[PDB]
4 protein chains.
Amino acid sequence: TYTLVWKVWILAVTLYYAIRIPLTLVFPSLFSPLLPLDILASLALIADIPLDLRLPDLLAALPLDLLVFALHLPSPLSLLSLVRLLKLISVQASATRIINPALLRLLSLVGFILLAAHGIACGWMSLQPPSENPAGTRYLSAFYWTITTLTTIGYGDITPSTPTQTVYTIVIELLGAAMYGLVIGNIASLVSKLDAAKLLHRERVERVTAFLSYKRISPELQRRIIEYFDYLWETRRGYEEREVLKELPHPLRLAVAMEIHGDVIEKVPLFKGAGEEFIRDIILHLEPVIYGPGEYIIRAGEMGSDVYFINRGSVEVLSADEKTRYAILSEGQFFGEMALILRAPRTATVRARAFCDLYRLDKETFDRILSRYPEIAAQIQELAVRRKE
Amino acid sequence: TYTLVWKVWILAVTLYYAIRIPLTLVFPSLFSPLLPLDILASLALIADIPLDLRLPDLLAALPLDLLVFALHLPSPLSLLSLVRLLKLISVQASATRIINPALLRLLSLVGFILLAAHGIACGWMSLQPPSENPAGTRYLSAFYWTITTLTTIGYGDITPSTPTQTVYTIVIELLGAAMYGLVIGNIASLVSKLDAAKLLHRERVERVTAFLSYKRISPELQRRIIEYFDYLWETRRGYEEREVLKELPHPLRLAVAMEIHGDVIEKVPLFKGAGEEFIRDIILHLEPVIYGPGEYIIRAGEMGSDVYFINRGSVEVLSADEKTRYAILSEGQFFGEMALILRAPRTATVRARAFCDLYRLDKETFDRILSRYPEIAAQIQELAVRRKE
Amino acid sequence: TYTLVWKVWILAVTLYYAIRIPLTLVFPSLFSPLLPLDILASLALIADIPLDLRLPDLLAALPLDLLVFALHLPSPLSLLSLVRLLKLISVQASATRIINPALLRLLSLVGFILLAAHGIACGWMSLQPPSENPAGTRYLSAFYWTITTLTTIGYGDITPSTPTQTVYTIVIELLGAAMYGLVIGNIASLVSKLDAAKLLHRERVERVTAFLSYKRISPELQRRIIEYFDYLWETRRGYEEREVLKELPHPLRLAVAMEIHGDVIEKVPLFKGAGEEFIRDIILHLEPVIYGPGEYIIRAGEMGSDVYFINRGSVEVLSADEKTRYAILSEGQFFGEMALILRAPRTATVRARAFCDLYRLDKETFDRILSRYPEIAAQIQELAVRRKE
Amino acid sequence: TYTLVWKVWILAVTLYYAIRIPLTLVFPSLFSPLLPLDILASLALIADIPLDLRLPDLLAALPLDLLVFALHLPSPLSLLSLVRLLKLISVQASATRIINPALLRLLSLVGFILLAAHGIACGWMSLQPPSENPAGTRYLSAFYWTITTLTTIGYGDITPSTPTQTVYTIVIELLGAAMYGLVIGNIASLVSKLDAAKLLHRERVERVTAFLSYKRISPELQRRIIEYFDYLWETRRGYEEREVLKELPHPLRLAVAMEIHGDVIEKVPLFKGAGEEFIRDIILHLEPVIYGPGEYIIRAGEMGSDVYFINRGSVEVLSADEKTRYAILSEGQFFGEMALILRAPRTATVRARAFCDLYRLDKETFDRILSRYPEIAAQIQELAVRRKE
Ligand SMILES: Nc1ncnc2c1ncn2[C@@H]1O[C@@H]2COP(=O)(O)O[C@H]2[C@H]1O
Ligand SMILES: Nc1ncnc2c1ncn2[C@@H]1O[C@@H]2COP(=O)(O)O[C@H]2[C@H]1O
Ligand SMILES: Nc1ncnc2c1ncn2[C@@H]1O[C@@H]2COP(=O)(O)O[C@H]2[C@H]1O
Ligand SMILES: Nc1ncnc2c1ncn2[C@@H]1O[C@@H]2COP(=O)(O)O[C@H]2[C@H]1O
């Protein structure tokens, strides 16, 4: 690729102007060594209108720079040489078309502060009287004053002394010390905006835990829920698969679900090779669910028939009481299907042996796909009639 | 119109007082040239009670001004000449009856700051001792002090030196440096309140995109959803037509829907000339929906019959497989209607060729309008029986 | 009543202590004239335990004050004479049991600031060296310093000069300049918390108005919705009668609805004298609804029968077209009832003549009360069969 | 237990380093007495990798400390002796695995401020010139400067005077005066996050009370709702048993409900000894409900049959009118069950005598458990047929 390099070179050039132009405006001793670099940048400035596949980018290309510096034009006209800074408000969104978007918006709001402070400090040095000082010390004092004023510290060791400096200080205090607070608050808001899934899950578990304690609850149950919440966060990161997909259209939701539940399909024997249209029919009706250890799922005698497709874990299916346990199931298997095949209530208790994660499909869709597909119905029928001993 | 000019002249006059009255209170050298202007303004002040088609506007008309300045009355009585400023809290809502309301509330909260700062600076100059200084410099120093104090910079180069100045400074610090923060925070809140549709759509797409990546998703699908979101924002601006109309009453919602869906009616042949009562019956049951390119809509054999009225785009209707594609449809046409006419499942696959935007009406309302209207039912019946080849 | 006076006297006494005790701690010249007042207050302090129909009120009664001041006890023991300030954190909720609760919480958060600032200023004067200054000037300077430090202005004209003053300044900066910001933010939040109904209705109408304009809408309809919203705010203040009553229990909701809809009952002839149990049955099923001028309600031929009990306004019932309009209805009347009496569709169009406010009861409850009550059913039957001409 | 002591010793050691290391870096006169303590701490630092039942804890164990201080290595290499502070960002979550989580997060955000301020003050003393001053005064001045700068007071009595001190001050102002605001705002947010149930109930009752007054409501009803809200808060603390349990899985919700409703089971005669499976069936279908004094529940003649299991309070069952009241019921009893036993409407009015709290089970589940269990059905049948006189 080459857009990723071109839009980085453009950023490095529009920052080069943003740093160099005011420093040349205050120090006329420059522009002698830095002319080839400036023209090499400007030819790239005019080399972007053809590569457009709005108006601020048009203003930036015209070279008012190279003219004011060459003709030592008077200060009021020359101050308008800042038109090349208009690419800054046209690139921060053009360079956004490329990591976390929130992270790019924290780095962008810093560079803006460090450029505005440099501009204000450079403007402040221009209004001071002519003194025989090194450029480094004179710039350091101006930057120190600008950081003191913007942060609203106000040491007062150096202060304006002339009416024009007083007016400049008033303007900077009025509309520079308030915008800094806005940018700092935005930086705080979008550094808090990071990893919001953790900040949501933590708030949820705190809200649950507060109530589980006003009503005093046995520690053997109080610690059993924290384990489940830790497991849910540790296997799912607090994300929920329903509210995220609520806004996507049904074909796009179908395409996403074809990717997320890519593990349970083609794992159980009767999903791989079952076709394409059946899996497309059923992929939107399976819910994740998590069952803890020693935690019953089927109680051997109630109504209803929900089938549990095991994704990971193991169950310990038993009769009414223990009495020589029937068998054990593992990953890539399912149970609880013959309650609807034989139109009979549950015949055996099922309890998990570890933190099982498994997918449940309701009775309604199951009977629909029994009445809709013959091979699947025949397979479940023969498996149910065979598993009777 | 003339209200739009009168309520601007009134604003320009009530700002004229807000600027002139304290400056005349501190400098008695005025009131000599500015008497005809003040009486010309005051006659407009008393020319608004008849044009009332509450109490602060009544206080403002009485001319306490013109009296205190003429009679050089002592300072305690004269300070109460500020009653003409009471029109400010009666006009900012009267001038609101006229652009973005949020924008008018950002401009209003600025002028308030620039008027309060001027008032505080003017009050500060009055308490200083009698010195032979130009009025401009003495006002500039006072305004510099006021901006320093309100912004909470606190340079300290000029400070109160008398007990009365100390009390004034204490009052300004207590109830002027905190209100400024409130107004600045309000300005920030209602400049963030602007273009909230973009700030909602961006948050929604960021929330979706965060989860589509913890579960690693193929780039060919990861980039396919961003395209759909960009198209939705680019054709709809993130607005949703359901929550906005949830609060409007049913006749007003009907009237609005008569305007929003003004393109699909009188475009398809059987909506123009179909009457008024039928269109009024159906206009609230069509949903927008967006289908991407190469994205199937009908899969040729499932149950149900939802009719898709094409608004813009084109479909590529096919049989079970390709095998000499049937035909092609374009704007101002509809399909998927003969599944309910013949009480038969779908007979042909339909897939979009571009980013199609089209309106879907459910089976229930369709069968209702078939059983309710004879001409429409006959037209759909003959069209369905004709389109069989 | 006498609680309203006693709990005001108690406030005036616990503020008397909060102002007097530190001022006596720093100036020992007091306690000579102000002894009878202090004992008169203290006897009321001990006169509240019997009037208890928790522990801070017990600490406050014991008179550590009257002892430290009398015995000129050394400074470390005497500083613990501030136990009488513990009534402040026991009264602000006891005096709350009495206007807007939010307003009482804005006044309370001010007095707290003005008491904390006074305490900090009084503490600061005690640490300064012995100088021959008037008490007023010495207190004014201390209060000026405290307001400068708390507000984070930091003029720096007067600063700590000794290690103990440095430690005191560090403590005040650390835990006094941050709490002030918290209290100011709370004051802002609960002055914004006032009149929240207007702030909700304004936000709702702004949200609606933003979308009605991206889709360009005729001015004759764009101004017709603003009129309806203005009328709704002007007759209802933006309150909704459903979400407010969602949390009240059904008997309390019934009792409230017996009061809110006190105008439509005993206005229409067949509600007054209809009993008590019938009105109690129907009072929870009538909804307010607002219809604009020239805005149809019934379209003469559709299905369904909803009865509209007119509360205020007038309707202009017509046939299919105008053709010598049938009649006119006014307040305390109802229409649209014979559609269910004769099991026939609507026979006449109804349109409002002004901004009508009226109550609608659905068909289900209507047929229920027809099948449940004979006199009401007979009255509606004879009225419907009579109104046919 | 011993983890609770070990993870406190580790905290006390990692704070010992955080306080001692910079103070030794600036004052080389130390490290002579404090060597055995440092090695005793370091042996515990290396005694935690075996007790791991990530990478910052590995960096901390290696003893760069003990080396730089012993070898008086030059300042640039020695500044990297701060690696032992990396345990701070590994313990604040390890010590979290142990009171209110929000409270632990307010104490943690304080200690962080007091450690950062100490570090910045210690760094500031190192850059000052060599002066004959006591260590205490030199540290006090540095801490005073750091608190002044971080809080953004800016007294200006002591300011940087060298370019390196200017650069240090610029860095501290830029990234130390903004982080302090973030931490203070977080402290405010999570001290407001405390006791959120009260802050929710107060907001709810304020929202209800605002509307009950625009529509003027009789004081005898206006004060009757405040009593109910006070009773609900005073017996329930504003918590709701439905939204809290919405996220728990059905077995965990069942286990929690087995604990919360531990008072009504085994209180009424026919719940204790009724088994285990019946109580497990019914425990999720009983709702709390609160009825006020003199507040009717059953009106003797309507349809439906909801049974009210009395938990606390007493009812005053009456006939159509008073006429020698039937009887009185108390705790551990139920009524309103023979409306479904005999398929007849209600026969007697019921009204509470005090603030009754009782559990209601709907008709559907009741008839289900009648048709599902014979002993319970027989008991209710014989009790209903016996209670007829
Ligand atoms: N002998 C067995 N071996 C394996 N699984 C069984 C056996 N008996 C019952 N099951 C499963 O346990 C389930 C219990 O409930 P169902 O009757 O719905 O369906 C049952 C089968 O899925
Ligand atoms: N030959 C054809 N030409 C145009 N459209 C067709 C043709 N055959 C089928 N269709 C449309 O394709 C749709 C596919 O599903 P339906 O059977 O519901 O209704 C069908 C018609 O609307
Ligand atoms: N002549 C009339 N005078 C007054 N009201 C009428 C007259 N005719 C019809 N209405 C009312 O207008 C209503 C129109 O719809 P309905 O038929 O539901 O019930 C009708 C009556 O309530
Ligand atoms: N004599 C009585 N003693 C106690 N309780 C009664 C008596 N008569 C009726 N009840 C109860 O009051 C209830 C009123 O409504 P039900 O008829 O639903 O069921 C009734 C019984 O639970």
# chains A, B, ... in the order shown; residues from 1 in each chain; ligands from 1
call {"tool": "select_by_dssp", "arguments": {"residues": "range 259-340 of chain B", "states": "helix (DSSP H, G or I)", "output": "list in words"}}
result
residues 259, 260, 277, 278, 279, 280, 281, 282, 338, 339 and 340 of chain B
call {"tool": "closest_atom_pairs", "arguments": {"of": "chain D", "to": "chain C", "cutoff": "6 Å", "atoms": "only C-alpha atoms", "output": "JSON lines"}}
result
{"residue": "D:153", "atom": "CA", "partner": "C:152", "partner_atom": "CA", "distance": 4.8}
{"residue": "D:154", "atom": "CA", "partner": "C:154", "partner_atom": "CA", "distance": 5.6}
{"residue": "D:155", "atom": "CA", "partner": "C:156", "partner_atom": "CA", "distance": 4.4}
{"residue": "D:208", "atom": "CA", "partner": "C:244", "partner_atom": "CA", "distance": 5.7}
call {"tool": "write_last_selection", "arguments": {"atoms": "C-alpha atoms", "output": "mmCIF file, in the first residue's frame"}}
result
data_model
loop_
_atom_site.group_PDB
_atom_site.id
_atom_site.type_symbol
_atom_site.label_atom_id
_atom_site.label_comp_id
_atom_site.auth_asym_id
_atom_site.auth_seq_id
_atom_site.Cartn_x
_atom_site.Cartn_y
_atom_site.Cartn_z
ATOM 1 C CA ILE D 153 -2.963 28.228 43.164
ATOM 2 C CA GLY D 154 0.250 29.853 41.946
ATOM 3 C CA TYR D 155 1.293 32.183 44.756
ATOM 4 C CA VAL D 208 -43.107 12.041 42.041
#
call {"tool": "residues_near_ligand", "arguments": {"ligand": "ligand 1", "cutoff": "10 Å", "atoms": "only C-alpha atoms and all ligand atoms", "output": "PyMOL selection string"}}
result
chain A and resi 297-308+315-319+325-329+333-350+383-384+386-389
call {"tool": "residues_around", "arguments": {"residues": "residue 357 in chain B", "least_positions_apart": "3", "cutoff": "8 Å", "atoms": "only C-alpha atoms", "output": "ChimeraX atom specification"}}
result
/B:288-291,310-313
call {"tool": "select_by_dssp", "arguments": {"residues": "range 191-375 of chain B", "states": "strand (DSSP E)", "output": "PDB file with N, CA, C and O atoms, in the first residue's frame"}}
result
ATOM      1  N   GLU B 287     -41.649   0.489   5.960  1.00  0.00           N
ATOM      2  CA  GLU B 287     -40.392   0.843   6.621  1.00  0.00           C
ATOM      3  C   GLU B 287     -39.308   1.064   5.578  1.00  0.00           C
ATOM      4  O   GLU B 287     -39.254   0.312   4.592  1.00  0.00           O
ATOM      5  N   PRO B 288     -38.429   2.051   5.755  1.00  0.00           N
ATOM      6  CA  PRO B 288     -37.167   2.045   5.015  1.00  0.00           C
ATOM      7  C   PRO B 288     -36.368   0.815   5.388  1.00  0.00           C
ATOM      8  O   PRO B 288     -36.502   0.272   6.486  1.00  0.00           O
ATOM      9  N   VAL B 289     -35.574   0.340   4.432  1.00  0.00           N
ATOM     10  CA  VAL B 289     -34.594  -0.698   4.700  1.00  0.00           C
ATOM     11  C   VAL B 289     -33.534  -0.581   3.621  1.00  0.00           C
ATOM     12  O   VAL B 289     -33.804  -0.113   2.507  1.00  0.00           O
ATOM     13  N   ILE B 290     -32.310  -0.957   3.968  1.00  0.00           N
ATOM     14  CA  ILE B 290     -31.159  -0.807   3.095  1.00  0.00           C
ATOM     15  C   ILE B 290     -30.526  -2.177   2.916  1.00  0.00           C
ATOM     16  O   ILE B 290     -30.252  -2.873   3.901  1.00  0.00           O
ATOM     17  N   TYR B 291     -30.313  -2.568   1.664  1.00  0.00           N
ATOM     18  CA  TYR B 291     -29.673  -3.831   1.330  1.00  0.00           C
ATOM     19  C   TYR B 291     -28.406  -3.544   0.539  1.00  0.00           C
ATOM     20  O   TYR B 291     -28.416  -2.717  -0.378  1.00  0.00           O
ATOM     21  N   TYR B 296     -28.568 -11.141  -0.708  1.00  0.00           N
ATOM     22  CA  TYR B 296     -29.850 -11.743  -1.054  1.00  0.00           C
ATOM     23  C   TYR B 296     -30.974 -11.210  -0.170  1.00  0.00           C
ATOM     24  O   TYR B 296     -30.767 -10.838   0.988  1.00  0.00           O
ATOM     25  N   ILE B 297     -32.182 -11.181  -0.740  1.00  0.00           N
ATOM     26  CA  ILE B 297     -33.386 -10.728  -0.055  1.00  0.00           C
ATOM     27  C   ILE B 297     -34.414 -11.848   0.056  1.00  0.00           C
ATOM     28  O   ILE B 297     -35.031 -12.040   1.108  1.00  0.00           O
ATOM     29  N   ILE B 298     -34.612 -12.599  -1.026  1.00  0.00           N
ATOM     30  CA  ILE B 298     -35.560 -13.706  -1.079  1.00  0.00           C
ATOM     31  C   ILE B 298     -34.799 -14.952  -1.511  1.00  0.00           C
ATOM     32  O   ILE B 298     -33.988 -14.898  -2.442  1.00  0.00           O
ATOM     33  N   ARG B 299     -35.042 -16.071  -0.828  1.00  0.00           N
ATOM     34  CA  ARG B 299     -34.262 -17.284  -1.042  1.00  0.00           C
ATOM     35  C   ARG B 299     -35.048 -18.408  -1.713  1.00  0.00           C
ATOM     36  O   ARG B 299     -34.608 -19.562  -1.668  1.00  0.00           O
ATOM     37  N   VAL B 307     -43.648  -7.606   0.782  1.00  0.00           N
ATOM     38  CA  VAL B 307     -43.461  -6.940  -0.503  1.00  0.00           C
ATOM     39  C   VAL B 307     -42.476  -5.792  -0.349  1.00  0.00           C
ATOM     40  O   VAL B 307     -42.535  -5.020   0.617  1.00  0.00           O
ATOM     41  N   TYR B 308     -41.559  -5.686  -1.298  1.00  0.00           N
ATOM     42  CA  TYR B 308     -40.477  -4.720  -1.232  1.00  0.00           C
ATOM     43  C   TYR B 308     -40.687  -3.705  -2.345  1.00  0.00           C
ATOM     44  O   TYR B 308     -40.500  -4.027  -3.524  1.00  0.00           O
ATOM     45  N   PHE B 309     -41.081  -2.492  -1.975  1.00  0.00           N
ATOM     46  CA  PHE B 309     -41.255  -1.406  -2.929  1.00  0.00           C
ATOM     47  C   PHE B 309     -39.909  -0.727  -3.125  1.00  0.00           C
ATOM     48  O   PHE B 309     -39.393  -0.084  -2.204  1.00  0.00           O
ATOM     49  N   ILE B 310     -39.346  -0.867  -4.320  1.00  0.00           N
ATOM     50  CA  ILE B 310     -38.017  -0.341  -4.601  1.00  0.00           C
ATOM     51  C   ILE B 310     -38.097   1.174  -4.714  1.00  0.00           C
ATOM     52  O   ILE B 310     -38.885   1.711  -5.502  1.00  0.00           O
ATOM     53  N   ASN B 311     -37.281   1.867  -3.923  1.00  0.00           N
ATOM     54  CA  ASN B 311     -37.166   3.316  -4.000  1.00  0.00           C
ATOM     55  C   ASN B 311     -35.971   3.742  -4.842  1.00  0.00           C
ATOM     56  O   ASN B 311     -36.111   4.573  -5.743  1.00  0.00           O
ATOM     57  N   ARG B 312     -34.794   3.182  -4.570  1.00  0.00           N
ATOM     58  CA  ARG B 312     -33.630   3.419  -5.415  1.00  0.00           C
ATOM     59  C   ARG B 312     -32.727   2.197  -5.378  1.00  0.00           C
ATOM     60  O   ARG B 312     -32.561   1.571  -4.327  1.00  0.00           O
ATOM     61  N   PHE B 334     -41.904  -3.013  -7.758  1.00  0.00           N
ATOM     62  CA  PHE B 334     -42.010  -3.839  -6.566  1.00  0.00           C
ATOM     63  C   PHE B 334     -41.993  -5.310  -6.956  1.00  0.00           C
ATOM     64  O   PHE B 334     -42.313  -5.679  -8.088  1.00  0.00           O
ATOM     65  N   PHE B 335     -41.613  -6.148  -5.996  1.00  0.00           N
ATOM     66  CA  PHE B 335     -41.543  -7.587  -6.208  1.00  0.00           C
ATOM     67  C   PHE B 335     -41.994  -8.286  -4.930  1.00  0.00           C
ATOM     68  O   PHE B 335     -42.338  -7.640  -3.935  1.00  0.00           O
ATOM     69  N   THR B 349     -35.072 -16.480  -6.396  1.00  0.00           N
ATOM     70  CA  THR B 349     -34.169 -15.707  -5.554  1.00  0.00           C
ATOM     71  C   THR B 349     -34.055 -14.280  -6.071  1.00  0.00           C
ATOM     72  O   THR B 349     -34.122 -14.033  -7.277  1.00  0.00           O
ATOM     73  N   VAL B 350     -33.882 -13.338  -5.147  1.00  0.00           N
ATOM     74  CA  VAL B 350     -33.678 -11.932  -5.474  1.00  0.00           C
ATOM     75  C   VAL B 350     -32.412 -11.465  -4.771  1.00  0.00           C
ATOM     76  O   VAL B 350     -32.237 -11.715  -3.574  1.00  0.00           O
ATOM     77  N   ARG B 351     -31.524 -10.808  -5.514  1.00  0.00           N
ATOM     78  CA  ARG B 351     -30.310 -10.250  -4.939  1.00  0.00           C
ATOM     79  C   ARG B 351     -30.080  -8.855  -5.497  1.00  0.00           C
ATOM     80  O   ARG B 351     -30.328  -8.600  -6.679  1.00  0.00           O
ATOM     81  N   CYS B 356     -29.102  -0.764  -2.409  1.00  0.00           N
ATOM     82  CA  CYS B 356     -30.517  -0.504  -2.633  1.00  0.00           C
ATOM     83  C   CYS B 356     -31.186   0.017  -1.367  1.00  0.00           C
ATOM     84  O   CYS B 356     -30.985  -0.512  -0.271  1.00  0.00           O
ATOM     85  N   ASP B 357     -31.986   1.068  -1.529  1.00  0.00           N
ATOM     86  CA  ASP B 357     -32.853   1.584  -0.477  1.00  0.00           C
ATOM     87  C   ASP B 357     -34.292   1.345  -0.906  1.00  0.00           C
ATOM     88  O   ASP B 357     -34.703   1.799  -1.981  1.00  0.00           O
ATOM     89  N   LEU B 358     -35.054   0.633  -0.078  1.00  0.00           N
ATOM     90  CA  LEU B 358     -36.398   0.245  -0.484  1.00  0.00           C
ATOM     91  C   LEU B 358     -37.287   0.095   0.742  1.00  0.00           C
ATOM     92  O   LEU B 358     -36.813  -0.079   1.865  1.00  0.00           O
ATOM     93  N   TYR B 359     -38.595   0.165   0.507  1.00  0.00           N
ATOM     94  CA  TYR B 359     -39.603   0.171   1.561  1.00  0.00           C
ATOM     95  C   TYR B 359     -40.295  -1.183   1.626  1.00  0.00           C
ATOM     96  O   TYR B 359     -40.721  -1.713   0.594  1.00  0.00           O
ATOM     97  N   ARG B 360     -40.401  -1.746   2.829  1.00  0.00           N
ATOM     98  CA  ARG B 360     -41.058  -3.040   2.987  1.00  0.00           C
ATOM     99  C   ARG B 360     -42.357  -2.859   3.766  1.00  0.00           C
ATOM    100  O   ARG B 360     -42.400  -2.120   4.759  1.00  0.00           O
ATOM    101  N   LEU B 361     -43.419  -3.504   3.275  1.00  0.00           N
ATOM    102  CA  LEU B 361     -44.717  -3.572   3.934  1.00  0.00           C
ATOM    103  C   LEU B 361     -45.024  -5.028   4.259  1.00  0.00           C
ATOM    104  O   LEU B 361     -44.884  -5.905   3.399  1.00  0.00           O
TER     105      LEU B 361
END
call {"tool": "residues_around", "arguments": {"residues": "residue 142 in chain A", "least_positions_apart": "5", "cutoff": "8 Å", "atoms": "only C-alpha atoms", "output": "NGL selection string"}}
result
:A and (121-122 or 124-125)
call {"tool": "write_last_selection", "arguments": {"atoms": "N, CA, C and O atoms", "output": "compact mmCIF listing (two decimals), in the first residue's frame"}}
result
# COMPACT_ATOMS: atom_id res chain seq x y z
N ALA A 121 3.22 31.27 22.48
CA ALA A 121 4.53 31.70 22.97
C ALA A 121 5.29 32.47 21.90
O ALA A 121 5.95 33.48 22.20
N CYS A 122 5.22 32.01 20.65
CA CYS A 122 5.89 32.70 19.56
C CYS A 122 5.28 34.08 19.34
O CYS A 122 6.00 35.06 19.11
N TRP A 124 3.80 35.88 21.68
CA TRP A 124 4.24 36.68 22.81
C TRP A 124 5.66 37.20 22.61
O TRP A 124 5.96 38.36 22.90
N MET A 125 6.59 36.43 22.08
CA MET A 125 7.98 36.96 21.96
C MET A 125 7.98 38.16 21.02
O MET A 125 8.74 39.07 21.28
call {"tool": "residues_around", "arguments": {"residues": "range 69-86 of chain D", "least_positions_apart": "4", "cutoff": "9 Å", "atoms": "only C-alpha atoms", "output": "VMD selection string"}}
result
chain D and resid 14 to 15 17 to 18 21 to 22 24 to 25 28 31 56 to 57 59 to 65 90
call {"tool": "atom_distance", "arguments": {"atom1": "CA of residue 175 in chain B", "atom2": "CA of residue 189 in chain B"}}
result
21.4 Å
call {"tool": "residues_around", "arguments": {"residues": "residue 4 in chain B", "least_positions_apart": "4", "cutoff": "9 Å", "atoms": "only C-alpha atoms", "output": "compact mmCIF listing (two decimals) with N, CA, C and O atoms, in the first residue's frame"}}
result
# COMPACT_ATOMS: atom_id res chain seq x y z
N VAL B 8 -34.68 43.46 16.67
CA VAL B 8 -33.25 43.68 16.53
C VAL B 8 -32.86 45.09 16.96
O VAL B 8 -31.84 45.28 17.62
N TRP B 9 -33.68 46.08 16.62
CA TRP B 9 -33.47 47.44 17.11
C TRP B 9 -33.57 47.48 18.63
O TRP B 9 -32.79 48.18 19.29
N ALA B 95 -36.36 37.83 22.01
CA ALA B 95 -35.60 37.69 20.78
C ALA B 95 -35.37 36.23 20.39
O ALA B 95 -34.95 35.96 19.27
N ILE B 98 -37.65 33.71 17.24
CA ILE B 98 -37.27 34.00 15.86
C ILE B 98 -36.67 32.76 15.22
O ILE B 98 -35.86 32.06 15.83
call {"tool": "closest_residue", "arguments": {"among": "B:44, B:35, B:257, B:190", "to": "residue 212 in chain C", "atoms": "only C-alpha atoms"}}
result
B:257
call {"tool": "atom_distance", "arguments": {"atom1": "CA of residue 127 in chain D", "atom2": "CA of residue 164 in chain C"}}
result
25.0 Å
call {"tool": "decode", "arguments": {"residues": "range 166-175 of chain B", "atoms": "N, CA and C atoms", "output": "PDB file, in the first residue's frame"}}
result
ATOM      1  N   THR B 166     -10.788  45.938  49.198  1.00  0.00           N
ATOM      2  CA  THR B 166     -10.669  44.559  49.659  1.00  0.00           C
ATOM      3  C   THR B 166     -12.031  43.872  49.703  1.00  0.00           C
ATOM      4  N   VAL B 167     -13.052  44.569  50.209  1.00  0.00           N
ATOM      5  CA  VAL B 167     -14.397  43.999  50.256  1.00  0.00           C
ATOM      6  C   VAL B 167     -14.934  43.765  48.848  1.00  0.00           C
ATOM      7  N   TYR B 168     -14.722  44.728  47.946  1.00  0.00           N
ATOM      8  CA  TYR B 168     -15.157  44.555  46.563  1.00  0.00           C
ATOM      9  C   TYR B 168     -14.466  43.360  45.913  1.00  0.00           C
ATOM     10  N   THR B 169     -13.159  43.212  46.148  1.00  0.00           N
ATOM     11  CA  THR B 169     -12.418  42.080  45.603  1.00  0.00           C
ATOM     12  C   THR B 169     -12.923  40.762  46.175  1.00  0.00           C
ATOM     13  N   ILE B 170     -13.245  40.738  47.472  1.00  0.00           N
ATOM     14  CA  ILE B 170     -13.779  39.524  48.087  1.00  0.00           C
ATOM     15  C   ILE B 170     -15.106  39.140  47.446  1.00  0.00           C
ATOM     16  N   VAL B 171     -15.984  40.123  47.229  1.00  0.00           N
ATOM     17  CA  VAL B 171     -17.280  39.838  46.611  1.00  0.00           C
ATOM     18  C   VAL B 171     -17.092  39.312  45.190  1.00  0.00           C
ATOM     19  N   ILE B 172     -16.209  39.958  44.420  1.00  0.00           N
ATOM     20  CA  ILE B 172     -15.985  39.549  43.034  1.00  0.00           C
ATOM     21  C   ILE B 172     -15.384  38.148  42.974  1.00  0.00           C
ATOM     22  N   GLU B 173     -14.446  37.844  43.874  1.00  0.00           N
ATOM     23  CA  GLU B 173     -13.869  36.505  43.917  1.00  0.00           C
ATOM     24  C   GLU B 173     -14.910  35.463  44.303  1.00  0.00           C
ATOM     25  N   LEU B 174     -15.779  35.789  45.263  1.00  0.00           N
ATOM     26  CA  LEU B 174     -16.734  34.804  45.758  1.00  0.00           C
ATOM     27  C   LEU B 174     -17.815  34.495  44.730  1.00  0.00           C
ATOM     28  N   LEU B 175     -18.431  35.526  44.144  1.00  0.00           N
ATOM     29  CA  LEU B 175     -19.603  35.301  43.302  1.00  0.00           C
ATOM     30  C   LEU B 175     -19.392  35.743  41.857  1.00  0.00           C
TER      31      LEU B 175
END
